[PDB]
Each structure stands twice: as structure tokens, then as C-alpha cells.
Amino acid sequence: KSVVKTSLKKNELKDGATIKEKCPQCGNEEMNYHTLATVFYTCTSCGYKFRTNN
Amino acid sequence: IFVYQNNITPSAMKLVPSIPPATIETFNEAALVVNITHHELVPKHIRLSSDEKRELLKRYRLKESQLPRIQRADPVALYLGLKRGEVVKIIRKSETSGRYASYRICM
Amino acid sequence: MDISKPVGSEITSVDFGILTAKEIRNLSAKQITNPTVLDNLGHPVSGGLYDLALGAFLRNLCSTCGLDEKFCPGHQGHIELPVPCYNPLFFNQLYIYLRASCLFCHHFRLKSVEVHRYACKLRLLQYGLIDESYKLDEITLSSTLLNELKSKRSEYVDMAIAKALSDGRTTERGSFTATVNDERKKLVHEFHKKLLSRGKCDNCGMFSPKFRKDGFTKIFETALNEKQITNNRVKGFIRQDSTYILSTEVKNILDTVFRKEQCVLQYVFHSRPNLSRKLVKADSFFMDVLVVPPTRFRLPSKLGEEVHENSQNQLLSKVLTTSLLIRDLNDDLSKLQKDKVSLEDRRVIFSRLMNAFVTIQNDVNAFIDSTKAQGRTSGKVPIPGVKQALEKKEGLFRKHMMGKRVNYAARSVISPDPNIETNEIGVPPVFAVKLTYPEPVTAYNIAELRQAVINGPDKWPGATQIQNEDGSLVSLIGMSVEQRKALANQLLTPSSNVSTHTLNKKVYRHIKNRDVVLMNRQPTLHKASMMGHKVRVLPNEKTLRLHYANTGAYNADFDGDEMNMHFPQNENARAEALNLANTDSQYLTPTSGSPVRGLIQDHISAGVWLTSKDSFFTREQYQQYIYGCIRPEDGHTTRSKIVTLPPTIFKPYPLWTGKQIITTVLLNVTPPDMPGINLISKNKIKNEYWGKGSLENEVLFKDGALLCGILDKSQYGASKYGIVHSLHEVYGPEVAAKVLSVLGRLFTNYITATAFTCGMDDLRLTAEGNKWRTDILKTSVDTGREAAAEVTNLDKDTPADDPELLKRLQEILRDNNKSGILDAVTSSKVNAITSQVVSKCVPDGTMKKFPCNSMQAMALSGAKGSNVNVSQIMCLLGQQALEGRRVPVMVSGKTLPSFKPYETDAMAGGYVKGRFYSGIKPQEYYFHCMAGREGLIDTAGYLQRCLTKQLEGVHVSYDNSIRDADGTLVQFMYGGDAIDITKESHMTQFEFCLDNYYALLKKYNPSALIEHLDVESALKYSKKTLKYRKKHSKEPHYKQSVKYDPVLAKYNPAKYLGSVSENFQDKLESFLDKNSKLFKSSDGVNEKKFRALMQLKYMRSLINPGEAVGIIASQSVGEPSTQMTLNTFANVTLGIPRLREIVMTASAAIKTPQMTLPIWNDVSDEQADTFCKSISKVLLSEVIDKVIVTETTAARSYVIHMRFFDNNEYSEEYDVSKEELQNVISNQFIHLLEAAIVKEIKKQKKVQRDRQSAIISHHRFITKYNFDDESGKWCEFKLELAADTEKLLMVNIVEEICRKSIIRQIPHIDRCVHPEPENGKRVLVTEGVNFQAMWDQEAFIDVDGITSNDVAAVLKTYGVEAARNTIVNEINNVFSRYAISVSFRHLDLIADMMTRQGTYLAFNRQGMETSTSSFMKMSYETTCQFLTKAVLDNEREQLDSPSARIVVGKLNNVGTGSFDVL
Amino acid sequence: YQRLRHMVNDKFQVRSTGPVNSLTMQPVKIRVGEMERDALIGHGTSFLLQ
Ligand SMILES: [Zn+2]
Ligand SMILES: [Zn+2]
Ligand SMILES: [Zn+2]
């Protein structure tokens, strides 16, 4: 009944800008990431993740 | 072996210890609408002969109780109708290793 | 300690007893009768606490032993008690039996028939026959009959026991374990349950009067009720042939009852078959004496010049004061004549008795347990008692035993040096002077020792003191040269005294380089945090000096944080460190087997330039550096004369390059006899950086020479399958240990030549880079506005000034959710922006390029930082984020006073277009300050402690079974493989192992091994089984032929060649299948030769026996948790809390159980989506459009109109039939509706018409019903109440109801949700757990793939095994989300551990409770509670656990004990 | 630049032996806590822990 968008589909879920990242799992060249300097990584292809504190 | 539909009188439940050595069983219809022995988390189970048993102890030089225990109320145990003191072959599939044998003692 | 003082005697076990006043009197050295402390001369007041009998006091000498204060061990006497005192600890168990017995027959009020059977079953379990205890109750056939059966009990018991004593299943000591310990707890507890459940005496039918105790130990005896006196007297003929009960009174009662009941309680309080054959006595309960510790422990105290009496000595006084006054009050009792005592005079003496008793009974508590004691004068604090002394802080076990102050150690700051050896440590001379070692005088070292003696104390290396054979200690400190000189001449002089002729003098020398020490850094989260290291005194620096690569081990940043030197005093301890925990053996992560050490920073920063194609060198250069690092004066000579490479380029001019160096490096470090490595790998750099057509990303070694690739952390850093990992694998660590150690020295040398630096120029773009950087940032203008219009569902071109637009925003601003919803949308778009500036400008737009650009080179080479840093500091910081949100808005609708309300700009929402280089606007700046404040607030073990404690006894035995110290089996094979975690790595690396085979052949050396091995049966048997599995391949698990067992199961792998995990077996075959081409291209190495060989490695890879994995498993888990301190943003509980639920709680109901539902493939998404709604839970409050109620006033009436939505809609939405909607209200809603209104009031002081008729009938206040039977749009009806009734608020009462409505709920099922098809898996996610209900949905869903977090219910429904499997899965998923790898072996170990009872066991008091091992239960929580039950059962502790070993300071049982000296 | 005063006492402390506790016959106020003790166990080094 509301006039605005309260709902979410799958593709809008892209989180953070993308940077060129070699996926240590699938060898993808792109992984999304977030920070804490603790740097997350998330594969674009297989969705594989890892984090980097260093 | 008997199949009740749902309910049993608790006094009839005391006709359960009626007639050793022979044993008596009454099971739930609904509970049996699904096989537990087929589930991707359910390992296989096989009862053991006493000689196998006496060897295995001798083989590991172990007491009865030193072994891994399984409780008798287990539906699985109930599913094989196993008496206390019995031990059963157990096949676990390791993810690292392959099929991995093991054992538990009916308690 | 002195090893010249050997002790043959040995302490095997400890037993428990209660000290009886009798022996106490026998073993007392004195009684202390006087509350007075000391005379004015300070001498002990006679009959006072400090008497010299208990020991010497000050300069006085002991009365008892006559000894000085030095040699007097002390002595302790007693204090006689005029009144028996309830022992406050026992007071509960003691009070328990009081109610149970019948005061008349002096038996327990239950029939002795039942009393006989337990003791039989008890008797069975002292010898440990568990199922036999089930055989007993199986026998059943008037007092006559009661005799034959209970007699027939005994014969069967002894028969089975004699049968059990025939063989060795149990011996005269009985048999006791955990499953043994189980029922002993269960019965006796439930046995005691029946003690309080028996109303009338089954023996005499009499009624004994009730008793009422206090916490202060005062038991008041409640009088008999008349109906008891009624029945007592009626039975009073049948036996023919609220007031304090005194301590003495209660005693004499059970004295009979004990004489009565001895036979049964004989088994109750004896943990084991009692060979001593002692009889239970009530004396051990009460306290008729008080023993006072020796004066020395009770000596007074002080903070300084002000001296303070010992507090317990005060608690000693009040007992002596209260006693003498009572002992004097008793003097009036006997003088009071029984013919002078009137009937009321009995009460004043009773007023004296109860008075006297409470005080002296309160002193018992106040002395022992102040919690059991009455407070004093409302203040002054409770004086610490002995009970309060035990649990102090962590408890005396934990505070002063489980940890201790120690000697021979120091604490100081550390500082980096590359120059030492990584296994070494820098030593300032200050410590060198102090720390010494008990040098045994020998033949070989004689001259040396003389020198330190000559050196004496203060000349390094010094000799501080000397012990002769007599033990006489000689301090050279005040001793001159010639004084020492003659002594030096005297050191080797023979032994005059006989008893010392087998003894020699010993020396204390300053530490020298040959020595090793032990380091630790607190806190210690894993074993590597403590290591031993070689020693070099460093002249003139005042602090310890450490090498870099060691830092990661101790995880030290050189913050100035201080660590701990440790200097073992004997060679064994010295030996243990050197060859085990020292350095090398630790090289891999116990968890993951991953490289834990390596070069850091500048080192990595260096390698790039050296490996450059621009590296060129003169012979002079070339030679120096080579020798510069190597130092053949080390022990590291492979070849005495230094061996070198020729220059790459002879003419016109001689030249070397950087690569050749590393080869030369390998050249003289590597064993000459053995060939060099061949290795294929890569680096972290793309070849394109260097130019067009470089291969340098690939790394290649051949003949142990460097033919391609630049060095990297991916190589000589910590990385799996790096050269360093490789050389560790191939040659062994000691090589690699040197190998790493060389590099730093070399690189350091190299730095000193060309050095390195950063620059301002480094951070400049070219002109176009900025020109670019403008362009994308320019387009960003209207981004925000567009994001709004879509969310608002407005046209994209809607100008930001539209009121409706502005209105909806304010509307949106009101919602929490919609706000967060807005952000992510905005979040998404701007992210893409960001992904453009950086992608274009770095590296292509930089003024300096790699490799000259040091800022890039550091990040690129992963030396430090990532593209993120440089990118954000050069391209821009992009949009800020706060916990997955934008900046919270002031309720004004303004982000910030610089912004008008409801602005569309992302910058207005925290989108940072600046870069640290070009500076940031204040608004921008003020934002980032918030983001900074995050982690701080965010930054603002106890778990793991629990784990380790319970897991101490975990160890490997030789049989490869995993055992506790009691030998209980856990895992038949360790990991189902038994492969060590460390060696595990290269097993699956075949191609590497294919190469190097000859060298690989060198290391393993199959030659000598043949004598000890069967080469056949496994292989024969294996291939046999292989066929079956091949034959049986595709059938499901329960169909699998059980004929042939895993080869490992039939064969000790250590004993037999070929006993193998089939996966490994299979992979090998899969490998050998396609890789056969290599054996052609090979050197002639035969697949057979290869197949056979690899098997060896596998069998070489077996874990050692006696390894304690539990600790290794313990640290493996608790330690990495620290990094989970933060979290990102299903939605289950995460981090430690989710963990704690699993391990800590073993929670029955977790907050968020989720059934995992896979479905059949044939079903479409719609149908499931449809189906999802079906099983989903519905509520009335959901479907209600609006409610309108009307009240009027002949009576107080209420007309109630409800408006719903369009029938189809929710009928589509929530899958609703108006009939239910009708029926639901038609039944449950109404019944609820008039219901509360009554309480509310009470608080104040055609067919429709027929359908309308029934409800009105069943329910009082309904005068009308109506509903919309077509559109369903509304329901409406009328109610009425008494006219006089004052106003009620209808809306809210009704408001409450519909939210409590249940239009259609599911059996323990709440919401189902369809997630995304991860990993090609098609599943539904739910909350709540019911298997049965789901078992009907099978058309949509396969059953066998259903999983849940509910594991208890799984255990409930499916039993233990499957449940265990889930346990692992979940726990993994934790670290999985955190991307943290852990050996499943740890997990399975943890898994199989909690399942050993087939039940689901946390780690806590409960999980620990079952421990046969006691002291471990003691030091854990409560020193007293467990302590009680121990003496109650009179347990002998077998000294299995390390904890106990520590308690007595004893050797590992276990750790070395698996090994035996001969 | 600027020079912090000590927030920490850089002073080391070193004891081979010395005066001991009267209660426990132990070194009076280095303390080796539980987890410290716990490490040797994973190493399996008994006589060190002894
Ligand atoms: Zn990935
Ligand atoms: Zn003495
Ligand atoms: Zn009685």
C-alpha cells in the first residue's frame, strides 16, 4: 500500500565498489571488498571470500 | 512386534516386561511414515557377532566400558532392536579420508 | 632442585578421610584453651595460639621439636569442644538422612525390601557391572515371600561377581570409570529421592516428627499432627516385645540407625570395594575438637612497620571465648539441683542450652564459612575463613598452583635486529652477570671453569658461586683473585668424605653462547608464543635484541611491549627446548599447516630490485655480497672453499646479475651430494607491468637455480607452496632455517648499497590523470536525485524540489527501514562511480610508474598495504559507510547545518570526493571523523580456558587410538587417516613430487626400511576392495556392500605398506591415470617405482604416538577467534555468541534455529513460492484494513465494524479462504474477545441469521453478527453491556486481540523463506523446527537433505551420529563466514568428544561433572562443592590427569609416560 | 617533534634467586600463569614443565 520501495531484489545487493582482485579460489580477476585496516574480499565469480588485515 | 496407532494405556505399558526371554515391540505409525536409515546424514549400522566382539577387545586390549557408548533409547537402536552390551559396525564417510569404520556399544 | 639428591620413593595415589577426634587427640601436640594472645613480653600465652609447642616463634625455639625457627616444620594441636558442632559442610548430607529414618524402628521409613536391592546393584558397581545391574531387577516371583526373593538376590549377585572375578574383567579393586560413575550418581541420587518420598514407615507404620533446619545450622523439630498421634497410638500397641533438636540428641539417634543401617550405607559412601572393611561412624560427621594450624602459618602479619595479627587467629579466639563461657555456664547447670528446677526452670536452662549452642555453632561458621555465619554488628566485613581462603581470586589452585611466581627469569623490552640468527636472541651483558647455571665439574671443561672462577663474579663470563661435594656454597663476590686462585686449584681436588665420593663440585657460571633460553610473550594464545632460542651476549647494549622473522611468531610489533626470558637449570629441560619447541619444528600452522614465519617489509621491498633485469655487478661487488651474507665461519659449510658462479657476460666486460646470486646462495648452503630443486610457481605481479612480453610473473627453478620469476612473499614470505615451503619439504627445515636466515643478511647488505625511499612525486598524477579524474566525477551530479525518484516510485526526471518528492522523503525519513533501504540503493550506484576513477588513474595515470614508484611497488609487491589505500588517497575516498548505513540525519531532516533538509546529494550524505593528497572539505572532513570513531568504539579466552581444562588428558597412544589418561577410546584412527597436520601439505602435490624424485628418493631412503615391513598384503587386499567399490560405485550408502572394510581398518598402517585412505589411494590412481605421459617424458622413473614410493611418504606421514592433540586442537580453535572480535553487515547469531551456544551452553533452544529445506527439481520457483506462503504463518492483524467501533448508551452497547482488504489479495498474498477467516473469528477470535472484557470488568472493582444465532447463543454479549460474504471486504457486528457500566476503551482492547490472532499457524513452524540458489543448491530456509510436519511436503521436497541447527532435536529425532555431523558443519560455517580454515580433525575430535555418552554435552560444570578425574573438577569452579562428594564416596584418585600431576608436581603420564626409561 | 615521558616503566626485573615467600617457599613479589604452563603441554616437554 505504501508509495515507495520497501523491497529488495538480488542484483541490488552488490556491496561496495569493485577492484581488480585475483581470486585465490577460482582465479577470478574481480573481488568486492570492505574494510575495518582490515580489508575484506569477496569473489565476483564463485563468491569466494577472504579478508586481509595486513 | 506390534504396531499401535497412537495411544497406549500406561498399565499395558507394564505388560511390556511380561515374558522374558522373548521380546515385544510396539511402534508408532506416524513415526514410521519416514525411513531414518535413508538420510544423507545417517551412517550405516550393522550388528556384530560375539566372536568379532571378543576379538576386537583382545585386538585393542580393552574393557567393555572403555568403548564409545550409545544410548539405548536411540530410534536407530530401536530400529535394529538391539540388546544392551551389543556393539555394531559403524561406517562414517570422512570428508578427508574415505569410508571410516567405527563402533558404539549398546547401552 | 639438586639432582645429586635422588629420591627413590614415589607417590602413587591419594585417599580421602575424615579426621576423628580420637586420633586427633593421639596426634595432638597440645590443646589451646586460652583466648589470650601474648604476654607483654611477647612470649606465648600458655594455652594460647602462639605456644612454642606448635613450632618456634621469633627468636624462641619450638617446644615440640626444640628446633630453631629455620628447621622447625611446625606442629599443630587441638581445641576440645564442650558441645558437638555440626560440621557445616556435611550439614546438608547430614540433615538429609535425618528426615529419612524412622525414629522408632531406627530403620529408614521405606521398606527394607527396596533397601536391599540397591545395595546389591551398588555392590555390582563397585566391581563395575553395568548391564548386570539391569539383570537384577528382572527377578520377581507377605513377609515370608520377602525373605526368599531378597535371599535369591544375594546368590545371583555373588554368583555373577564370582563369575566376574573368574576372568580379569574386574579385580578386587573393582573397576571405576565414567560410564561406571554415571549410574552411581543416578541411583544414589534417585535412591535419596525415595528417602523423602515415603510418608508412612513401611516397617512400623509409625510417624517420626519432622525437622526444620536453618542455614545457620539450627534444626527445629516440628511436632506431630494429631492424625499421626491418632495412628501412632493405634499402632502403638502393634510394636510390643518446632523446637531445636540438640546436636548431641541427633547424634545418638542415627548411632542406632547406623548400627541398624550399616549394611546398605556400606556401599553408599565407599567409591570402590572396601578392602579396609571399616564401618560407618557418626563421629566423622560432627566436630568434637578443633585443630589449629601451626603458629608459622598463623604468624601475625604486617603491611610494614605496622604489624597485624593473623585474621584466623582472631577466629580462633571467639571459639575459645564462647567455649569457656559455656563451659562455665555448664558449671551453673550441675549446681542447679533437679529438685530446685521447677517446670518453667527447664525452659531457662533450655534457654541457656539453645543460647550456648547457637553462639558456639555460629563461631564454627564464622571460623570456617562466613556465608554460613551470622553477620557481626552490621559491618566490619567478614573475616576470611579457611573456606574463603581456598577459592581466593581464581582460587588457590588457580592463583598459587595453576600459576606461580618463578625464579631464573627476567622481563624487558626487545628490539629488532636482522643481524642475529632467527633462532637466536640478543643478550645485554647486564643479565649475563646475574643469570648462572649449575656447572657440573667434569674432566673436559676443567680449564674453562677455572677461568670464570678467575673471572669471578663480575668479569664476564663470570663464576658467581661454587658448591662443593658437601654442598657448601661459596660466594666469590667479596672474594679477591688469589682467594679464587687457590680455590680454582682446589676445584678438581678429590673427595675426602666417603658419602661424597660419588659426588663432585659444581659451579655457577654466567650464561654463555652455547646456552639456550626460553622466551614467552603474554598473552599466549598459541604454543608458538613460547619458544627457546640460541644465545649471544651482545656487548654494551642494555636490552634484548630479536630478529624480525621471529616477530610474527610472538606476534610482536616492537611496541616496547616486554617479554620474558627463561633459563632452565638442567640439561634435560635444556635438551627438551633445543630439539623440540626451539624454532624449526614449529614452521607451519598447527591449525592449517601454513607458513608461520618469513621475511617482512623492506626485505620484500628489496627482493624486487635485486631480481630486476637491471641487476648488474662487478666481481668485487659480486664476491663481497656473497661472502658478506654467507659467513662460512658458520657451521653451515657444505664446501670449505667458497664456490661461485661464472659471470653471465664475459665480453666486453665481466658481469653478474641478481639471480645468479641466489643460485650462488643455494650453491654453498645446499648439501653437495644431493641435486638441486626444480620448481614451478608464480608471483603476485602481472607480467604486463614490466613491459611487453615478460614472463616474469611465472617463477621457475631448475637444478636449484633461478631461471625465471621475481621473488615474492608468495615465495619467501609466508605462503603455501613457496620455495621456502618447498625446501622445508624437500631438504628439511634446518636447511630452510638457514636458508631464510641467509636472505635477510644478504638483503640487508643490499639495502646498504642502493637503499630505498618514498617521494612527493610518487603521489602525483600526470596531467591527463586529473583531467580524467575530473570527468567521471563531473557526471556524478544528479546521481542522488535519480536514486530517490526510483525508490519513491517517481519519474527519473522529477526535480528535487517536488513537494510530493520532498513529502515522501519526510515520510521515508520517518521509517527506520525505508531509510536503510534508501541508502543501499544510493550506495549501489555511487560504488560504480568509484570503480571508475581508480581503474583509469592507477596505474596508467601515475607520474612515476612501477618499479620506480615506491608507493606502488610496496603495495603491488604486497610489502605493505593494498590498492585500496593508494587508490583512496589518490582517486578519492568515495562514500562513507556507518555500520552499513549513511550518516544519521538530524530530525530536522538535515544531515548537517550546511545542508538544507532533504537534499539529494550523495556528498550531502557523506560521499567523499576528496583525496588525502588534494585535501578535503570540512563537511567532508567532519564526516570522516565519525567513520574514524567506529573502530575505536568497536575495539571497546575465558571460553578457551574451559576447553583446554577439560581436554588436558587428550593424547595419542601407540595403537593409534586416541585416549584420555584413563585410556578411553575416542577415535579409532586419528583423523580417519592419522596423517599429521604438518606433513599433510605436499601429499596431494604429485607433480612437484614427480620431479625431484631422485632427491625425494634420497630423503626417504627405502633401503633399510625393507627389513621391517610387509610390502604386499595391504596392496593385495586394497586392490581387492577397490574392485568392489568400483563395482558398487553408484548405489547409495545404505546399499553399499559391507563385505570389505577399509584397508586401514584391517591393517596397522605403521606396520604395513599399502594401508591407505582410499581417497589418497584413489587420487593417486586418478593422478597416475592421466599423468602417465610424464613417465615417458620422465628420466626413466617408473610408475611402479613412483606408486610404491608415494605410499612410503604417506606412511612416513603418520602422526607420532603420545602426541597430545587436544592442546593442539584447543589452541587451534580458541586462538583465531580473536580476529572475529568484529563483524560485517539468514541473519543468525554470529561470532563467539553463536559459538558459545554450541560449545559453552549446549543450548536446548537457540534463539534462531533454522530448518534447511532442499526441494525436488521438478517443482518450479512459483510453486515453492506459492508453497512457501502455504506453510508460512498467518495472523489476523495482517489482513485488517481498518477497524471502526461505535458505542451507544437502555444499556451500554457497542457496534463493531471491521474492514479488511480485497479478498483475492490476501487470499493470494497469505493464501487465505474467507471461510477460515470466517471460521477463525467464528470460533477462536470471539471466545477470546468476550473473555478478557470480563476480566477487564472484574478489574473495575438466511443462514447468516442462523449463523448469527449460534454465536449469540454461545457468547453472552453478542447481540449481532455480520460479515461480508461476497467481497469479504468487512466484518461487522454489535455488542452490548450493562447500562450502568462505566466506559471501557474498546479500540485498544480489540487492538491487542488481532495481533494475537492465529489465522493459520504451523506445528512449531514460523516463517519459510526462499534464499538464492547458492552453489547450484535449491533450498528453502525456515525458522522453527518440525521434521514430522515437513514429512508431508515430500512432493515438493526431498527429505534426506534436510539440515538444521536444532541439533538436540536431530539427536532427539535422528540419534547421535547424524547430529555429530551437523555439529561440525555449523562450527565450520562460523569460520567459513570468517574465511578461516581449520583441520576437520580438530572438529571431529571435538565432535567425537561430546558424543562419547551418545548425548549432547557442553563444556561446563555439567560436561565436566562426569569426570572420573577429580582435581580437574576441583580447580574448575568451586573448591568446596566437589571436595565434599569426594570424601563422601571416599574416592582414591588414580593420578591420571596432568592437573593432578601438577598438584603434586609430577611427570606426564602421557607426555613422557608413553615413553619409559629402562 | 616531541618526546613522550614514560607511560611505562622500562625497568627490567631479573631474578635467578633471592628472598622467597614464607608461606609457599616460593619467589616473592616472575609469575608464570596457567596459559604459560599450558604451552609446554602442547609442546609435550615434560621436564621443562617440571
Ligand atoms: Zn573468491
Ligand atoms: Zn621443627
Ligand atoms: Zn524407627
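Rules behind the numbers
Residues numbered from 1 in each chain as written, not as in the entry; some residues may be left out. Chains lettered and ligands numbered in written order. Part of a larger assembly, values for the part shown. Heavy atoms only, no water. Helix = DSSP H or I, 4+ residues; strand = E, 2+ residues; numbered from the N terminus. Rg over C-alpha atoms; globule rule 2.2 N^0.38 Å. Areas by Shrake-Rupley, 256 points an atom, 1.4 Å probe, with all protein chains shown as cover. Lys, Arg positive; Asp, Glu negative; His and termini not counted. Charge placed at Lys NZ, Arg CZ, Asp CG, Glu CD. Contact = heavy atoms within 4.5 Å. Buried area = accessible area lost by both parts, 1.4 Å probe. Salt bridge = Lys/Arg side-chain N within 4 Å of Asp/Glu carboxyl O. Polar contact = N/O pair within 3.5 Å; in protein donor to acceptor, adjacent residues only side chain to side chain. Nonpolar A, V, L, I, M, F, W, Y, C, P; charged D, E, K, R; others polar. Pairing = 2+ DSSP bridges. Axes fitted to C-alpha atoms, helices over the stretch in contact; angles between N-to-C directions. Parallel < 35°, antiparallel > 145°, perpendicular 65-115°, else oblique. Left-handed = near helix turned anticlockwise from the far one by under 90°. Core = buried A, V, L, I, M, F, W, Y, C linked by side-chain atoms within 4.5 Å. Buried < 20%, exposed > 50% of the residue type's maximum accessible area, 1.4 Å probe, protein only. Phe/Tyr/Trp six-rings, centres within 6.5 Å; stacked < 30°, edge-to-face > 60°. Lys NZ or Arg CZ within 6 Å of the ring centre and 35° of its normal.

A. Highlighting the overall build of chain A. Scanning chain A from N- to C-terminus turns up zero helices and four strands. Listed by position from the N terminus, the elements making up chain A come as β-β-β-β. For chain A, the C-alpha radius of gyration of 14 Å lies well beyond 10 Å, the compact-globule estimate for 54 residues. In the form shown here, chain A has an accessible surface area of approximately 3500 Å², with 53% of it arising from carbon and sulfur atoms. When the 9 positive and 5 negative side-chain charges of chain A are each reduced to one mean point, those points stand 9 Å apart.

B. Quick look at the interface of chain B and chain C. Chain B puts 41 residues into the contact, and the matching count from chain C is 53 residues. Carbon and sulfur atoms make up 55% of the surface buried where chain B meets chain C, a total of about 4300 Å² over both sides. Seen at the junction of chain B and chain C, the total is six salt bridges. The shortest N-O distance in the salt bridge between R104(B) and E1361(C) comes to 3.3 Å. Between chain B and chain C we count 20 residue pairs in polar contact in total. Elements with a contribution of two residues or more to the side of chain B that touches chain C: β3 (44–47), α1 (50–60), β4 (69–70), α2 (75–80), β5 (87–93) and β6 (99–106) of chain B. If one sorts the elements of the side of chain B that touches chain C by residue count, β6(B) sits on top with six residues. For the side of chain B that touches chain C, the per-class residue count stands at 15 nonpolar, 13 polar and 13 charged.

C. A look at the sheet that holds strand β4 (residues 243–244) of chain C. All names here are of chain C. In space, the three strands of this open sheet follow the order β2-β3-β4, with antiparallel pairing throughout. Here the strands that pair on one side only, and so sit at the sheet edges, are β2 (211–212) and β4. In this structure, β2 lies alongside strand β3 (residues 220–221), joined through two bridges in antiparallel fashion. Following the sheet pairing, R212 is matched in β3 by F220.

D. Representation of the sheet that holds strand β21 (residues 705–708) of chain C within the structure. All names here are of chain C. Strand order in this open sheet of three strands is β19-β20-β21, and the pairing throughout is antiparallel. Whereas interior strands pair on both sides, the edge strands pair on one side only; in this sheet they are β19 (679–682) and β21. Across the sheet, the mean angle separating the axes of adjacent strands is 25° when strand polarity is ignored.

E. The packing of helix α10 (residues 311–335) of chain C against helix α11 (residues 345–367) of chain C, seen in detail. All names here are of chain C. For the pair α10 and α11, the least separation of the axes is 9 Å and the interaxial angle reads 165°. Compared by their axis directions, α10 and α11 come out roughly antiparallel. With respect to the hand of their crossing, α10 and α11 are arranged in left-handed fashion. In contact with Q312, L315, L316, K318, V319, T322, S323, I326, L329 and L333 of α10, α11 contributes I349, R352, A356, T359, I360, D363, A366 and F367.

F. The arrangement of the nonpolar core in detail. Residue and element names in this part refer to chain C. Counting residues in hydrophobic clusters, the biggest one holds 128 residues, and the most contacted among them are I677, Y716, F747, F1090 and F1375. The biggest single contributor to this core is helix α51 (residues 1360–1377), with seven residues. In this structure, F1090 is in contact with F990, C993, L994, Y997, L1068, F1071, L1072 and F1079, ignoring residues within four places of it in sequence. Among the nonpolar cores identified, the runner-up in size contains 61 residues, and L81, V83, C85 and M287 belong to it.

G. Structural context of the pattern of salt bridges. Residue and element names in this part refer to chain C. Scanning the model with the defined rule gives 75 salt bridges over all chains in all. The closest approach of N and O atoms between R745 and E421, which form a salt bridge, is 3.6 Å. Pair noted here: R745 is in helix α24 (residues 733–754) and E421 is in the loop between β9 (409–416) and β10 (424–427), with a separation of 324 residues, a long-range link. The pair formed by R745 and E421 is uniform in burial state, with each residue classed as buried. Its salt-bridge partner being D515, residue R574 comes within 3.8 Å of it at the nearest N-O pair. Taken together, the residues span a long stretch of sequence, with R574 in helix α18 (residues 571–581) and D515 in the loop between β14 (506–510) and β15 (516–520) at a distance of 59 residues. Neither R574 nor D515 differs from the other in exposure class; each is buried.

H. Representation of the pairing of β19(C) within the structure. Residues and elements named next belong to chain C. Where burial is concerned, the two faces of β19 differ: the one with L679 and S681 is buried and the one with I680 and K682 is not. Relative to strand β20 (residues 698–702), β19 runs antiparallel, the two being bridged by four bridges. Among the inter-strand pairings, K682 is bridged to a residue of β20, identified as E698.

I. Quick peek at the pairing of strand β12 (residues 463–467) of chain C. All names here are of chain C. Burial within β12 is extensive, with four of its five residues counted as buried. Note that β12 and β14 share four bridges and pair antiparallel. Bridging from a neighbouring strand, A463 pairs with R509 of β14. Bridge count between β12 and strand β13 (residues 473–475): three bridges; the pairing is antiparallel.

J. Main features of the packing of aromatic side chains. Following the criterion strictly, the structure yields 31 aromatic pairs over all chains and no others. Ring centres of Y86(C) and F286(C) lie 5.4 Å apart, and the angle between their planes is 50°; on these two criteria the pair is classed as tilted. Judged by relative accessible area, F286(C) falls into the buried class, the value being 8%. Judged by centre distance (5.7 Å) and plane angle (65°), the ring pair of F1079(C) and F1090(C) falls under edge-to-face. Of this pair, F1079(C) sits in helix α39 (residues 1076–1081) while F1090(C) is found in helix α40 (residues 1087–1100), placing the two residues 11 residues apart along the sequence. Three or more aromatic residues joined by ring pairs make a cluster, and in this case those are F990(C), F1064(C), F1071(C), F1079(C), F1090(C) and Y1098(C). The cationic tip of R84(B) hangs over the ring face of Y134(C); the distance from NZ or CZ to the ring centre is 4.1 Å. One residue, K11(D), lies across the ring of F12(D), its end atom 5.8 Å from the ring centre.

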